[PDB]
């Protein structure tokens, strides 16, 4: 009925009523004519529309509470000296128990990202990686939980040297600025500019050098779909703006990345992230190993991202060639680590928000961030 010191009680059994805690509920940002959004807070039409998709919002909440309790636990023990593998496996072991992993009904939405320093995202260790977290490392812990495909994409940055404090704040503030600015009928490009003005209004000093924080321009937030980490709409972070507005009922992952490098990422290091193309249909495979591996992917991950380690834990061996095949066949897409120029530092803060009819909910919000 109460969580245990080292979290072990599933969020499930903590809220027996089946109703999970809501995130930070915000009133939608006004528009031109000071168009207030307090009319939706209790409109009759909207309230019916909201309570209409209540079971969904409730699932996002179960996952969010899982994310909150897991990360609270990670910040209490993540320390330099631990290998990236020890960290990810310890984090993922907790994440599996609190979300009560159940096939594709409940589990980890994507691999535990823990990109270091100049690398901003999509780095998680593969078997054999001997990398050890250092006192001067700036590590982005980015992991996700999901219930019935309702994905909670949320992340924070970890450091131990106070010299990055102002860099993390610059980015944490940039993220909240995009969260506050986001809303139904809000144009993506606008959320982007907002995020940039703030991000760039910060200047930091790290090891004698001064820098004006730069948003990683080729990185960004994005909309979320059931069992689909990236639904289709992207959230800028800079000045351009695709050509779109956020819509009622949508779900977005508002994330920003700040850097001292060139503010641009590129594929680097060995790949560990892979995900089945949400669009590709059923492809008959006769090649044994490739056929088997794909079956494992469909059974265990569906359209959710996974990593080599997760193939390992399932007892799969000698699967790289077969994984390459799936990749060359375009059935699976590789998602290599995205890093900025060597020597640069990058920070990241991310939250999942629900654009509900009556309000904007920052479901993954917590005491920490």
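Positions refer to the first chain, counted from 1.
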- Message: Could you find out if residue 300 - modelled in this structure - is missing from at least a third of the other PDB entries compared that contain residues on either side?
- Response: no
- Message: Counting only other entries that model residues on either side, is residue 69 absent from the coordinates in at least a third?
- Response: no
- Do the CA atoms of 175-183 or those of 146-154 have the higher mean B-factor in the entry? 175-183
- Query: Is the mean CA B factor in the deposited entry higher across 289-297 or across 238-246?
  - Reply: 238-246
- Item | Selection by C-alpha B-factor (highest) of 224, 139, 109, 283 | 283
- Name the residue from 166, 126, 277, 256 with the greatest C-alpha temperature factor listed in the entry. 277
- Rank-wise, by C-alpha B-factor, drop residue 315 into the lowest, middle or highest third of its chain. middle
- Chain-relative C-alpha B factor for residue 266 (record values, thirds): the highest
- Note on the structure: Among the modelled residues of its chain, the C-alpha B-factor of residue 35 falls in the third labelled highest
- Query: With respect to C-alpha B-factor, does residue 43 fall in the lowest, middle or highest third of the chain as deposited?
  - Reply: highest
- residue 343 by Cα B-factor - lowest, middle or highest third of the modelled chain: middle
